[PDB]
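Partial complex here, more coming in a sec:
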Amino acid sequence: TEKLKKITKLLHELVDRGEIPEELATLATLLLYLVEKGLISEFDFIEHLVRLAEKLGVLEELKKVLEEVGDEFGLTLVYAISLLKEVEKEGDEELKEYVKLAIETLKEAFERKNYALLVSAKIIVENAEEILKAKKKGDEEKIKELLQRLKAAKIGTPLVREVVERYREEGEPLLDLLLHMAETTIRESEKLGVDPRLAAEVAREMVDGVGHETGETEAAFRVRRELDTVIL
Amino acid sequence: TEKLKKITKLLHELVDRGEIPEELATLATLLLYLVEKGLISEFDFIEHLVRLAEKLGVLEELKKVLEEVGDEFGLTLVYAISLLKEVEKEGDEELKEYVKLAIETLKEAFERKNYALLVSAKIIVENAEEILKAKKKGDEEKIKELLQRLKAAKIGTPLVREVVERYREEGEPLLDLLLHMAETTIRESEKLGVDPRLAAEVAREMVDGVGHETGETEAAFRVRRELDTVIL
């Protein structure tokens, strides 16, 4: 709960010298008590903080605080909420589904700080953000490529969740499950008309995330090398 | 943090039976959590309490609570804030500087409950209060005498801070440093045209404060006797 304590401290400091109003600091204090009292989760803390920041239009200061404390989960949640609000302003359904899946995966990661679902959600949100940028830019090829990447991410997310879950206790050989997950992702992605290229790089990023989360990167390195040979 | 807990308890009790409004009690609770969570200092607690009391015009009840709990640091801070507000209403610069120095010394004392800077700040604030009383009374001799006392206090405050700091770890003989500080205060005060009288009593009060803070009063007693011989 050190990140939450630092966030509360920095929000006080900010509210002490002008900047954000007092309501956000009071909410930070109450939620910091409730968490570590064992009555809510960090996801509810961050969600309430982001909702109040959006209500008061002070989200930039909250972003700066989350960068200063050095939190990736909360920052990704902030980006997800802002992107969802912007898409709701736009009103496009496929990005609605994409961001809802990203938020659900973010919540599941927040439950236990599982880095792989964090990687998946990060991929989804950054590709969606690039989609919105290209919407005003007007480069259709790039938006189609980003939709291909997002389809690959949607296909892979249950697969990476399952791979991590099985490796947790079942005891298989990570590299074998990593290779099977990557091949399944490629096959299912090409079953949707998407090249076996950019989906390959999506699977590569997710393999890197699995290696980081599982604490074993040599197997992730080997699967990365085989995928690099495959794209050739 | 027992004083803070008692202050919070008494503020509840007061807000329960009419008297002060609820906002002050809620702030007391939040700050009592933040302190003893290790995120702010007692100075911020008291400063916020006094600011809200001034905003709601209920400062007298806060004064009564601080007397009931038996706190001198908080009470001195309350007097300093009220005197600063009154002087700001008046608009006189020298008392502005005097009260700002008093508040800074009060903060430094609050950092570790250092009794000597508390004595210095108490001297400054009481002489300033007497100055404001004599302003409406109209006795110029007394106001000049109080300005002399305040100049002596300003000269002595860095000296007493340094004496306490050196005695803390360096290991000199308190009485020697006390005598040197008193003589330096007298010399610098008479360099500003002020008698070697009332400045002598200011140095005597500060020597008493140093003796109380350092836990050794026999050396303070001896320096008091030598200063009493000096004023003769």
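Thanks, I have it. Numbering: from 1, shown residues only, chains lettered A, B, ... in the order given.

In contact with residue A:60, which residues?
Not one residue lies near residue A:60 by Cβ atoms under 8 Å, 6 or more residues apart in numbering or on different chains. For every residue, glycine as well, the C-beta is placed using N, CA and C.

try the one 10 residues further on
Contact criterion Cβ under 8 Å, 6+ apart gives residue A:3 as the residues in contact with residue A:70.

Mind doing that once more with 6 Å?
With contacts defined as Cβ atoms under 6 Å, 6 or more residues apart in numbering or on different chains, residue A:70 has no neighbours.

What lies in contact with stretch A:2-20?
Counting by Cβ under 6 Å, 6+ apart, A:22, A:24-25, A:28, A:32, A:58, A:61, A:65, A:69, A:71, B:39 sit against stretch A:2-20.

ok, of these, which come out buried?
The neighbour count (16 or more other Cβ atoms under 10 Å in any protein chain shown) marks A:24-25, A:28, A:32, A:58, A:61, A:65, A:69, A:71, B:39 as buried among the contacts of stretch A:2-20.

Now the phi/psi pair for residue A:217, please.
phi -100, psi -20 (degrees, to the nearest 10).

which parts of chain A sit against chain B?
Within chain A, the positions lying close to chain B (Cβ under 6 Å from any Cβ of the partner chain) are A:9, A:29, A:33.

Any chance of a markdown table for the residues you listed, columns secondary structure and neighbour count?
Shown next, in a markdown table, are these (DSSP: H, G, I helix; E, B strand; the rest coil; neighbours: other Cβ atoms under 10 Å in any protein chain shown):
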| residue | secondary structure | neighbour count |
| --- | --- | --- |
| A:9 | helix | 20 |
| A:29 | helix | 20 |
| A:33 | helix | 17 |
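
Quick check: of these, which lies closest to residue B:82?
Using Cβ to Cβ, residue A:29 comes nearest to residue B:82 of these, at 27.7 Å.

hmm, back to that, tell me which two of the contacts of stretch A:2-20 sit farthest apart.
Maximum pairwise distance among the contacts of stretch A:2-20 (Cβ to Cβ): 22.8 Å, between A:22 and A:71.

following sequence is chain C, place it on the structure:
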Amino acid sequence: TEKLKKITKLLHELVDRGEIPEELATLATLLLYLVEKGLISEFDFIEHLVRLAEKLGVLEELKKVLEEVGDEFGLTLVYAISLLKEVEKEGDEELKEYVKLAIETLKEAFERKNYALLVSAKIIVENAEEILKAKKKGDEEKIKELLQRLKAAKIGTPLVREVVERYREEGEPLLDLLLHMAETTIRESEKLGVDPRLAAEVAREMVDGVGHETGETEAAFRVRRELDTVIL
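One more chain to add, chain C, which I have set with the ones above:
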């Protein structure tokens, strides 16, 4: 300080038999006392020596001395200073920034003889020197390629500094950090319009430097192989 002692000895010998004047040898003696007295750093020694050599126009003899003693840090500093002077004569801003970054990295390396920042500074200075040669030659394609290499070096320099710092005490698996740094360098370099080619070779040289500095080249060898597969 053996290199400094040898430099002082060789400068005496040179000044004994004509060649350089006496002022440089006297400065060498004084700075050799000050260093190893613990009052200045080797960077100040070399900087003063180079400044005097430039003032007296005897820089070639200092270069020969630095080659004879077998010092790479001092020689790179000499090249950096000469290149900065030549660019100041030319008056081009981007190479100004490039050489200033190179000099700052050289100072940081000199602080503890960190080989990786030495590699980065060497890359920057040699590409800048090639830029100046092509300026009078007049081959625009080569100058654009060298600017691409310098942009890659600028992007990578904080990354390599951070990788070395983290590996020093944090305890990660070098190869993983090396791969992440290389991929980040490639992505950021292609975000600036630069191919993923020559930037790949820049990252390869920096990976080799990291392997040399960290005392572990097998991981550097593996990352080199993966980057060689990537460029395919």
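
measure the residue sitting nearest the centre point of chain A to chain C for me?
For chain A, residue A:121 is the residue whose C-alpha lies nearest the centre (Cα atoms, centre = their mean; 2.8 Å). For residue A:121, the distance to chain C equals 19 Å [Cβ to the nearest Cβ, to the nearest Å].

Let me see the contact set for that residue.
A:76, A:102, A:105-106 are the contacts of residue A:121 under Cβ under 6 Å, 6+ apart.

so what's residue A:142 closest to, chain neighbours aside?
Distance criterion Cβ to Cβ, 6 or more residues apart in numbering or on different chains; nearest residue to residue A:142, sequence neighbours excluded, is residue A:134 at 4.8 Å.

Can you get me a residue count around the one you found?
Using other Cβ atoms under 10 Å in any protein chain shown, residue A:134 is surrounded by 17 other residues.

what about it, which helix or strand?
Residue A:134 belongs to helix A:115-137 when assigned by DSSP states H and E.

Repeat that for residue A:184.
For residue A:184, the host element (DSSP H and E) is helix A:174-190.

just checking, what packs against that helix?
helix A:140-169, helix A:198-214, helix A:218-231 (3 or more Cβ pairs under 6 Å, 6 or more residues apart in numbering or on different chains; DSSP states H and E).

Next, the angle helix A:218-231 makes with the second one.
What that stands for is helix A:198-214. Helix A:198-214 runs at 170 degrees relative to helix A:218-231, counting by axes from the mean of the first three to the mean of the last three Cα atoms, to 10 degrees.

Which residue, neighbours along the chain excluded, lies closest to the residue in chain A that chain C sits nearest to?
Here chain A gets closest to chain C at one residue, residue A:217, 4.8 Å apart by Cβ to the nearest Cβ. Nearest non-adjacent residue to residue A:217, counting by Cβ to Cβ, 6+ apart: residue A:211, 4.3 Å away.

can you check residue A:222 too?
In space, residue A:222 is closest to residue A:175, 5.8 Å off (Cβ to Cβ, 6+ apart).

add one more, call it chain D:
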Amino acid sequence: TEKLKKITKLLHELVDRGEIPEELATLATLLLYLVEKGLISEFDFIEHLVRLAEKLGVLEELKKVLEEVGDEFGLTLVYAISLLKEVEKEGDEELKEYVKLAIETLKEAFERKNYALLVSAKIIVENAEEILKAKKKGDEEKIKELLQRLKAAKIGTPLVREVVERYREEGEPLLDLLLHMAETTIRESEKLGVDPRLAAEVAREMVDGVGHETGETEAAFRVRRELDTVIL
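One more chain to add, chain D, which I have set with the ones above:
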């Protein structure tokens, strides 16, 4: 020799960024070698530094360096040299003798860092400086008083030197020698027409200096009390 090393370091730093010229730093280096080689004394070091500073008109920077390092002997020597130069410009013989005695006592103190002769020299130089200020001010009473103080200092200086020397090894009871020295100073001073007042305060300052140097201030405190009773 830590003070000398710090002085040399700070002089380099100053000469590095403009300010003082290089000759002073080179002299500092050479003298810092000679001292701690065991070939000259700190008095020669400071005297050469002050002479060069006066020659180059950079004495203020040397004063700042000596304050930063925290040296009282060197600073007093600087004041003595500057005051001697100013008096030589004026051309008055009695202050010539006064400052020459002060400089000789300063050298004797520098020989072994004897604090009592430092106090005596400090008294002489500050009273002489006040004499020069009053010369342009034109207050004859003050100049006569300062001459009385200087006569008391001249009378007392051999006495304090002898008292310290005897207490060093002979083994008498300091307080007895302190009282005898003070009484002899008062008697000899009143034999020259000077009140038994300001000479009493001169003897009091010298007694304080003896107490500081000898490492025993309780006897100095007692003699101070008896002298305070005497002036009554």
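
The contacts of stretch A:2-20 again please, chain D included this time.
If you take Cβ under 6 Å, 6+ apart as the criterion, stretch A:2-20 is touched by A:22, A:24-25, A:28, A:32, A:58, A:61, A:65, A:69, A:71, B:39.

These in strands, which ones?
In this view, the contacts of stretch A:2-20 have no member that belongs to strands under DSSP state E.

so of those residues, which ones are in helices?
A:22, A:24-25, A:28, A:32, A:61, A:65, A:69 (DSSP state H).

for residue A:97, helix, strand, or coil?
helix (DSSP: H, G, I helix; E, B strand; the rest coil).

And for residue A:196?
Secondary structure state of residue A:196, per three-state DSSP, is coil.

Was I right to think it contacts residue A:187?
No: Residue A:196 lies out of contact with residue A:187 (Cβ atoms under 6 Å); the separation is 8.7 Å.

Between the two, tell me which one has more neighbours.
More crowded of residue A:196 and residue A:187, by other Cβ under 10 Å: residue A:196, with 15 against 12.

Quick check: the gap between residue A:50 and residue A:97.
Per Cβ to Cβ, to the nearest Å, residue A:50 is found 21 Å from residue A:97.

Looking at those two, which one has more neighbours?
Per other Cβ under 10 Å, whichever of residue A:50 and residue A:97 has more neighbours is residue A:50, with 22 against 12.

And the more buried one, how close does it get to chain D?
Relative to chain D, residue A:50 is positioned 49 Å away (Cβ to the nearest Cβ).

What helix or strand is that residue located in?
With DSSP H and E as criterion, residue A:50 is part of helix A:42-56.

Output that helix as CSV - backbone C-alpha positions only.
C-alpha atoms of helix A:42-56 as CSV (Å, rounded to 0.1, in the frame of the first residue of the first chain):
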residue,chain,number,x,y,z
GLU,A,42,-6.9,-0.7,-5.0
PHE,A,43,-9.0,-0.8,-8.2
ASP,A,44,-11.9,0.9,-6.4
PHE,A,45,-9.4,3.5,-4.9
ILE,A,46,-8.0,4.4,-8.4
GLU,A,47,-11.4,4.3,-10.0
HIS,A,48,-12.9,6.7,-7.5
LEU,A,49,-9.9,9.0,-7.8
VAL,A,50,-10.1,9.0,-11.6
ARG,A,51,-13.9,9.7,-11.5
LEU,A,52,-13.4,12.6,-9.2
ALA,A,53,-10.6,14.0,-11.3
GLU,A,54,-12.7,13.8,-14.4
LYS,A,55,-15.6,15.5,-12.6
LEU,A,56,-13.4,18.3,-11.4
